[PDB]
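Take a look at the structure set out below.
Every residue, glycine as well, gets a Cβ built from its backbone with ideal geometry; the counts of neighbours run over all protein chains shown. What follows is calculated from the coordinates using simple rules that are stated; it is not laboratory data.
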Amino acid sequence: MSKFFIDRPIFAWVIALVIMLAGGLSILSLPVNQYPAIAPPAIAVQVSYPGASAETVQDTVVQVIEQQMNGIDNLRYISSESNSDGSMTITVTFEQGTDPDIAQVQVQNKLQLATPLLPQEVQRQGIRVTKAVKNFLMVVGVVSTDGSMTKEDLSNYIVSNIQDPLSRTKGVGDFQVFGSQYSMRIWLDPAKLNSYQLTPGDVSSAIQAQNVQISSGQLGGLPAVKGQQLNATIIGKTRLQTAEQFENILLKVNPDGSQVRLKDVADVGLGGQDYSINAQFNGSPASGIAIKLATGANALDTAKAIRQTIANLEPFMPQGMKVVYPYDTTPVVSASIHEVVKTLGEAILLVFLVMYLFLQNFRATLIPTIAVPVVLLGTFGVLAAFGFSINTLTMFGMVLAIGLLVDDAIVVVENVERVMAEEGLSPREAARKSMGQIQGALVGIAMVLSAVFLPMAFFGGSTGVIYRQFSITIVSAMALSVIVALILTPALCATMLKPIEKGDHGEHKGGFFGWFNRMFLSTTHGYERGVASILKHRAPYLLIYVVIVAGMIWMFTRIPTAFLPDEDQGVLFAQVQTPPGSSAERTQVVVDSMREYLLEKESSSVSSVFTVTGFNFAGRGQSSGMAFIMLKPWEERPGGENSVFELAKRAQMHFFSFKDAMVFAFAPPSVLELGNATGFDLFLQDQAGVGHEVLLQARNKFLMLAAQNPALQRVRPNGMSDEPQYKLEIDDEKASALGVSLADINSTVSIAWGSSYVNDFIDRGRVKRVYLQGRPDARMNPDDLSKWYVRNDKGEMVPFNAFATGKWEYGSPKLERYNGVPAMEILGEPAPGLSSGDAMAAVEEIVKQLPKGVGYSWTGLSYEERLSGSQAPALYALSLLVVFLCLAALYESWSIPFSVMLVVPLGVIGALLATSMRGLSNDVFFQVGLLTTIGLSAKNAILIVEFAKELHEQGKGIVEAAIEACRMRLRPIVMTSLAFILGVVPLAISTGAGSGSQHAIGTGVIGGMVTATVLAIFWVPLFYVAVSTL
Amino acid sequence: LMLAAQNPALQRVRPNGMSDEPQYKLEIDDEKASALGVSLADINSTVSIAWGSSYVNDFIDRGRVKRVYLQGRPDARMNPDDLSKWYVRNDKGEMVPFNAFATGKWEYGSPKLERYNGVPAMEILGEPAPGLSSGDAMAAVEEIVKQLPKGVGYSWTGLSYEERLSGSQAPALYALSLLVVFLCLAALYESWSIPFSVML
Amino acid sequence: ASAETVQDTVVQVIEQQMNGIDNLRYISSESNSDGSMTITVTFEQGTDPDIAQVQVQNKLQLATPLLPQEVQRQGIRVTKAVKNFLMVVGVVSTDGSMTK
Amino acid sequence: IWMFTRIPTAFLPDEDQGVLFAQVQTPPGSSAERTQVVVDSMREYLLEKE
Amino acid sequence: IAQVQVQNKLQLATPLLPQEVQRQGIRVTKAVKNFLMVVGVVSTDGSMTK
Amino acid sequence: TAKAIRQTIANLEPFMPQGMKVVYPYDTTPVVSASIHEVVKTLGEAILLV
Ligand SMILES: CC(C)(C)c1csc(NC(=O)c2ccn3c(=O)c(/C=C/c4nnn[nH]4)c(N4CCC[C@@H](OC(=O)NCC[N+](C)(C)CC(=O)[O-])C4)nc3c2)n1
Ligand SMILES: CCCCCCCCCCCCO[C@@H]1O[C@H](CO)[C@@H](O[C@H]2O[C@H](CO)[C@@H](O)[C@H](O)[C@H]2O)[C@H](O)[C@H]1O
Ligand SMILES: CCCCCCCCCCCCO[C@@H]1O[C@H](CO)[C@@H](O[C@H]2O[C@H](CO)[C@@H](O)[C@H](O)[C@H]2O)[C@H](O)[C@H]1O
Ligand SMILES: CCCCCCCCCCCCO[C@@H]1O[C@H](CO)[C@@H](O[C@H]2O[C@H](CO)[C@@H](O)[C@H](O)[C@H]2O)[C@H](O)[C@H]1O
């Protein structure tokens, strides 16, 4: 090629056009969204078993569902959660890359098989199966600002009015509502009910016989008798709708002339299905929605569209209802795109400038201007092909690639320009001449660079998914670049470039350029003299290399090594845990003081506060609420005392005071989707059936033994504390003595105290649920237990205290199980300075001290990093061997390839330095850039050596070749490295919105860039002469 | 449908939901059945067992499992008056007639409500009047449909949609196929003129 | 149940769930006075029939708890939806020994 | 260009497919016999006259 | 898919099976016809029975 | 999946009562290891022989 396309500029141009086109069509219809699916996909099975112990929900629904939940493809592990409010969750975690639609359907199939094994009330409730990934698009609040509506009223609104339209909005995936539909609430008074010798169970039965659908037949149904003529359906009665219809319904008819109905005995009105979770946006009571993006949608379009839909409904809303949008991914997925077309612009601009500055031509200036965008276009096409998307990482992927993309354009032009000046060949001549020298190398370097980036795409787990994003977007960019810098560029060169006088390096020029050329020219000679001196005096340097190498080896183990960069998304979390036995109303108070403060004392940074009671990241329960703090946009809170990490630093202090409610306060970890990216994560498991008590003390020994270990820090239980519960105790003897029914005993507790889902009732079309339970003042203290009367043999009401006998005993409000056997989740991290594998190696040991029958499993990120980590060395070796082999075949030598590979440290040292200096971590963004810098460094090196080789061959000294090759190479090296480090600086200084990551790459590259330029120029000729000599 | 038997281009226009139908609105005063003896709407075990079928259980029959079915005599569910004939047994043991709690208020609603894209709907069909094409017919319909009480739109479905869609591609089909041809000639002939000579 | 009861207690719920499935072209349900209903979810021309079926089934399972207990303890049918019949294969009686 | 816009626009050509449908719908309420008679006339004024 | 389709029609059967069977726990499985292996457990000093 | 069960009972063994050993009565996998090993071997021979 090249030669072939040098003569066929139009064909060449066509190939451009088609890839340009493919780019475009693609570019405009790629899904756009913030992150791909990093997390290992998970399905969640969940019901509530209205007012039931953790114990019952664990041994009655979890243990049974779990026993059936096997023979499911791609399953990695499974964990459960049985809670005090009576809710449960089985979380089934499958392998990355698992079709989430098959994952889900296999799970709800095993679920379906296990249903008739569950208790009635649970079945009637209906068990929900869904995809548990937390990649939320926006969460929208619906709030009652005059505090007229209760939460329950709002969420019923949401279900009835907002749900179905929002459902039909373009690009809306799965969403969750903060609460549900209304239910016909009914509130049994124990006294009012006792005075007519009536049981709560009587009421249930009454409603069941009195709130039904009359099934209805057909007038003139087939078979009919001869005649018939009129065939019409007969419609009977539907069901009760009004609260009144309910207050009616006859319960007893009295000995005299009268009749008793539900309205005498209980209160009745529409209400909550469940009262466990209460939540409010800035004090004001509120529900809301958490929306997911549908698969392939556009995060930008559909956010705009969700809004549209809601706006079209804001005209119709009851007075004092506001729909505020607290959290929204749009600012960031926008920020990321501007911050790319901006640096792709500044880059093509910057290239143009240094193009001119060195090559005084104007036509030359725009060969790179055509080629770079022809490539970026294509790249979005290849991305399309491989089935990726436009997201945070595929975007940085492009920025990071621009180095490689730009260098490829510069080398090709500067070389024709050079050959033309030094040899006086016509542009067309210089082009083929030039490609003669370059094709070879180029093709080869594409191989080299594929080996540098691909093995990273073979990692597994979340870590791997992230690398694949970079690796593929990059080697795609580079592969395309090579192609167009083989087909288009030389063609453009031969066409658009203008002949230049042999010998004319232009210092006669005068003016500024005359100043420059004379100047640069002198520098070049200096550089030559530099090299020439080094090649004279070898050993000294070779050893100063060996120092710089050690410096790098030392600089590694000394950098803090984290998974991701710390990010300021617009968000902050606050956890509240009021001590065991607190009431939500007593927890609510903490979460309110919390909000007042943030909103008042802190509003320099804080924009809105959403506050939940009876739910947490430690579990659900009346002692548990928390706060999702929404910050105002980064522009509106400059200065590093208004960063999340700062606001959160001081909200610790502000709340440290409380001697009545532990209150953690922390930032979310950058990729929400992945929960908790730090330290380590494990479950302790009761294998040999040893029991909750032993297990509980294995947890506690483990903990107060890690606390006193060098290698670990911050080691907690994720779960919940054990607490007092009320061990109500029946007596079979003295209860059949009063001749009381015993099925009647505990059927009354279930209903009065636990509540009971009795029935359906069409409310405004929608069928909704009818719940029966004791009025609240009737069920708050042991003494209220006595308020309750059951029927015996004769019509005599027997009080509960008659055969009852309460007792404080303590159990658990959160029963955890991991892989079928009961568990306790521990979290922690390694002692500052130390690493994850160290901490596991510690934990590995302190686990051995545990009671027999208790074992353990690693889970979440700790599970993954055990696997991905065992595979690194294999990849690094393959990467190293393969590049080696490519260099061998290019250099027709087993030894020269070393003179290129030894540049690597020279790259990395600077990288490490800058990163460590600016106080940053050894993370994924640093890792990937480090591969960019060493990659672009190998390129430089490859061309120098290749030239030195071509010359040495065309007949001249090893040392004379090395020097003649540098010099020849110096100018494009300087050009492309000046172009880039300038193009990257913004990321280095980047400010707000993704800026944390931009710092991670800006700092890294340009550490390596600076050193790899100012050093390979000297040491590459050393190494080449060095190994050649040898 | 009026305007459609009138319009000269259409031919055979029809609906798909079969109108409204007479439905026998039943009625009970819960209080009166409680006054007699039959308390609680237990009455269903009579209304639906007699006037609808009632799959009770299974019997094998020549080695194959069919259903056992309960339903009233044909002559006992033919007229509003046949409901008179049905005596609910009592809590004492006596036959309360069905006239103690009746009220057949011969009413009427819909036999088949259709629905399309989350709004309610009616589906009309119809061909085009001979010598004309579905496009003509289609264009015609988009007129007769303006005279529709605002707040009532329409949607094409089926063949119509498939045709609406077929027609919209065409522009681009031609553009693209034109363009490819151009470039391939360019490539193959190393000319711009030659391509232009052929587009012309 | 009444056509309108049926339209409002089932069709309404499940239909809203199907909103949002991938490559969805349109939905068209119908409810009858005889109890029966039918939602027909049409997809775009390249959608794999079996993933579409599964996706339907996945959403369907979510609607379930908001359905009448007669409906719910009953079992909802889901199936691929051909418009046309390939052939009617019939049987008739040479003499007259077998009734309809 | 003038000639284009002047041509009518179909989808698929009509085809003597070799089969046809009759579709009967007696007014909202009729008995089995009502429909059945209608259905039995058109089955004659077709199998006998066409 | 085979399994998704079978269970799906198995589904429409379930409401008509006897409680005693439903409660018993039905297994829909996609295995290969033959036994791969038997994992055995055996008592060493006889403390454990069959 | 042989390897993987070998692996599950592998780290369940440390929890079994003192009077109990896991054993592999029936097993099919020995034949495939054996089979492909035997071929490997007659390949290595063929190559020395050739
Ligand atoms: C972290 C992120 C994504 C950046 C963010 C920032 S702000 C925000 N959203 C919230 O701040 C917020 C604010 C209020 N919430 C709530 O009030 C509830 C409580 C909801 C509730 N109340 N009664 N029932 N449910 C809730 N769930 C706390 C409970 C566990 C989670 O799952 C769901 O609640 N899913 C909804 C499905 N329901 C409950 C409807 C199932 C059903 O049909 O019964 C979320 N989550 C929230 C979440 N998320
Ligand atoms: C499964 C397939 C995997 C393939 C992986 C192999 C990667 C190969 C990398 C591309 C190398 C091409 O290398 C090609 O051949 C020889 C090197 O031997 C070189 O040709 C050379 O010959 C002469 C004299 O020998 C020199 O003046 C000069 O160095 C160069 O012109 C060119 O630099 C190049 O055209
Ligand atoms: C011209 C283009 C050339 C560039 C392309 C080069 C691609 C790089 C190849 C690496 C891909 C191979 O995939 C990788 O294989 C190795 C070796 O079996 C695996 O490694 C596995 O076996 C080795 C050897 O027993 C173990 O030390 C290792 O811990 C284990 O995981 C990796 O887990 C897998 O990810
Ligand atoms: C024109 C430009 C072309 C550029 C495009 C190049 C595409 C190359 C992408 C290769 C994708 C590799 O796919 C990835 O393989 C790795 C490693 O084997 C898998 O990881 C898995 O493999 C090995 C098995 O030996 C295990 O050690 C590891 O724990 C496991 O999870 C990933 O789950 C899979 O997704």
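Considering only alpha-carbon pairs that sit under 8 angstrom and 6 or more positions apart, the relative contact order computed for region A:880-955 is 35 percent.
Using the alpha carbons alone, the radius of gyration of region A:180-275 stands to its Kirkwood radius in an Rg to Rh ratio of 1.18.
For A:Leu270, the amide hydrogen comes within under 5 Å of the amide hydrogens of A:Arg185, counting only partners 5 or more places away or on other chains and with H modelled in the peptide plane. Can you give the Rg to Rh ratio for the protein assembly as shown, taking only C-alpha atoms and Rh from Kirkwood? Radius of gyration over Kirkwood radius for the protein assembly as shown works out to 1.02. For region A:569-670, pairs of C-alpha atoms spaced more than 19 angstrom apart make up 38 percent of the total.
The dipole here belongs to region A:489-638: it is taken about the Cα centre, uses +1 on the Cβ of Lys and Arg and -1 on the Cβ of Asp and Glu, and is about 840 debye.
Placing +1 on the Cβ of every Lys and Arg and -1 on the Cβ of every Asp and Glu, with nothing else charged, gives chain A a dipole about its Cα centre of roughly 2000 debye. Go through A:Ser895, D:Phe4, A:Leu878 and say which Cα lies farthest out towards the positive end of the charge dipole of the protein assembly as shown; charges sit on Cβ, +1 for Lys and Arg, -1 for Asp and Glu. Checking the options against the dipole of the protein assembly as shown, the answer is A:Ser895. Looking at region A:610-670, the GluC sites (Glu not before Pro) that sit in a DSSP loop and have at most 14 other Cβ atoms within 10 Å of their own Cβ are A:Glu641.
Each part reduced to its alpha carbon centroid, region A:1-27 and region E:12-33 end up 62 Å apart. Note on region B:1-100: Rg/Rh from C-alpha atoms, Kirkwood Rh, equals 1.24. Counted over region A:214-334 with a bin width of 10 Å, the fraction of Cα pairs per bin, in whole percents, is 8, 18, 18, 17, 19, 13, 5, 1. Dimensions of region B:84-147 along the principal axes, based on C-alpha atoms and rounded to the nearest Å, stand at 75, 28, 19, largest first. For region A:723-811, the Kirkwood hydrodynamic radius from C-alpha pairs, put into Stokes-Einstein at 20 °C and a viscosity of 1.002 mPa s, yields a diffusion coefficient of 146 µm² per second.
In region A:265-417, the convex hull through the Cα atoms has an average projected area of 15.9 nm², a quarter of its surface area.
Across peptide D:21-33, the average count of Cβ atoms from other chains found within 10 Å of a residue's Cβ is 5. Comparing Cα centroids, region A:363-388 and region A:817-888 end up 40 angstrom apart.
Volume of the convex hull of chain E (Cα atoms only), normalised per residue: 130 Å³. Across region A:723-811, the relative contact order, built from alpha-carbon pairs under 8 Å that are at least six residues apart, equals 42 percent. Here is the list for region A:649-744: trypsin sites (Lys or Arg not before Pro) lying in DSSP coil, each with at most 12 other C-beta atoms within 10 angstrom of its C-beta, are A:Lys659, A:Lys727. Once the Cα atoms of helix F:30-49 and of chain F are each reduced to a long axis, what angle between those two axes, in degrees from 0 to 90 to the nearest 10, is obtained? Long axis of F:30-49 versus the principal axis of chain F: about 20 degrees. Separation of region B:130-200 and region A:243-317, taken as the distance between their Cα centroids, equals 49 angstrom. Across chain B, the relative contact order, built from alpha-carbon pairs under 8 Å that are at least six residues apart, equals 26 percent. Report, in listed order, any pair from A:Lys322/A:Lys814; A:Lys263/A:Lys768; B:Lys25/C:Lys83; A:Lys498/A:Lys956; C:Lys80/E:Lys30; A:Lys3/A:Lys498 with a Cα-Cα distance greater than 26 Å. In this structure, A:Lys322/A:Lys814; B:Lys25/C:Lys83; A:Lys498/A:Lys956 lie more than 26 Å apart at Cα.
Remark: mean inter-chain Cβ contacts per residue of F:12-20 equal 5, using a 10 Å Cβ-Cβ cutoff to other protein chain atoms. For chain A, adding -39500 (n - 2.57) for each run of n ≥ 4 DSSP H residues and dividing by the number of residues yields -16000 deg cm²/dmol at 222 nm. Mean partner shielding of peptide C:59-66, defined as the number of other chain Cβ atoms within 10 Å of each residue Cβ, is 5. Mind pulling the angle between the C-alpha long axis of helix A:924-955 and the longest principal axis of chain A? Nearest 10 degrees, somewhere in 0 to 90. Orientation of helix A:924-955: about 20 degrees from the principal axis.
Relative to the longest principal axis of the Cα atoms of chain A, the long axis of helix A:836-846 makes an angle of roughly 40 degrees.
Under 5 Å between amide hydrogens, built in the peptide plane, is the criterion, and for A:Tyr856 it picks out A:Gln685 among residues at least 5 positions away or on other chains. Taking amide H as placed 1.01 Å from N in the peptide plane, C:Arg25 has its amide H under 5 Å from the amide H of C:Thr42, C:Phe43, C:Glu44, each at least 5 places away in sequence or on another chain. If you wrap the tightest convex hull around every Cα atom of region A:792-865 and split its volume per residue, you get 209 Å³.
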